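> So I've got this experimental structure, pasted below with the sequence.
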Amino acid sequence: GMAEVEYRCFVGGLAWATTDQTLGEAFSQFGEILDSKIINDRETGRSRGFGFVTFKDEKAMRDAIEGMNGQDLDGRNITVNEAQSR
């Protein structure tokens, strides 16, 4: 709703059971999502413990960052921060 483009947010400190399915919808409650993917660990077959969330709007991303940073998502307090458009 100002600059419509990929707003990439970095979410680190997820749980190893955190799926992009659970990740996405959690952030869908805050803002417009375009993409939400968990970076998995190929080597062990786990998650890396972090993922990326793509917003459609800057503000939709902003609120989601402050609102999600610190709370729990899938059994871990998640750390959410600014990653800017990538």
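Nice, I can see it. Residues are numbered from 1 along each chain as shown.

> the helices in the protein, which residues?
For the chain, the helices defined by DSSP state H occupy 20-28, 58-68.

> out of those, nearest to residue 1?
Closest approach to residue 1 among these (Cβ to Cβ): helix 58-68, 6.8 Å. No exception for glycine: its C-beta is placed from N, CA and C like everyone else's.

> Would you mind writing the CA trace of that closest one as CSV?
Included here for helix 58-68 are C-alpha records, laid out as CSV according to Å, rounded to 0.1, in the frame of the first residue of the first chain:
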residue,chain,number,x,y,z
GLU,A,58,6.5,-2.4,3.8
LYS,A,59,4.2,-1.6,6.7
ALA,A,60,2.6,-5.0,6.6
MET,A,61,6.2,-6.2,7.1
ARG,A,62,7.1,-3.6,9.7
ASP,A,63,4.2,-4.4,12.1
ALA,A,64,4.9,-8.1,11.7
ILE,A,65,8.5,-7.7,12.7
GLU,A,66,7.9,-5.8,16.0
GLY,A,67,4.8,-7.9,16.7
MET,A,68,6.4,-11.3,16.2
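
> can you map out the strands along the chain?
7-12, 33-41, 46-55, 79-82 (DSSP state E).

> Name the residues of the shortest one that are buried.
Neighbour counts over strand 79-82 (16 or more other Cβ atoms under 10 Å) mark residue 80 as buried.

> Sheet-wise, list the partners of it with their directions.
Strand pairing for strand 79-82, using DSSP bridges, gives strand 7-12 (antiparallel).

> list the contacts for the residue nearest the centre of the chain?
The centroid of the chain falls nearest to residue 53 when counting by Cα atoms, centre = their mean (3.7 Å). The contact partners of residue 53, by Cβ atoms under 8 Å, 6 or more residues apart in numbering, come to 8-9, 11, 23-24, 27, 33, 35-36, 61, 64.
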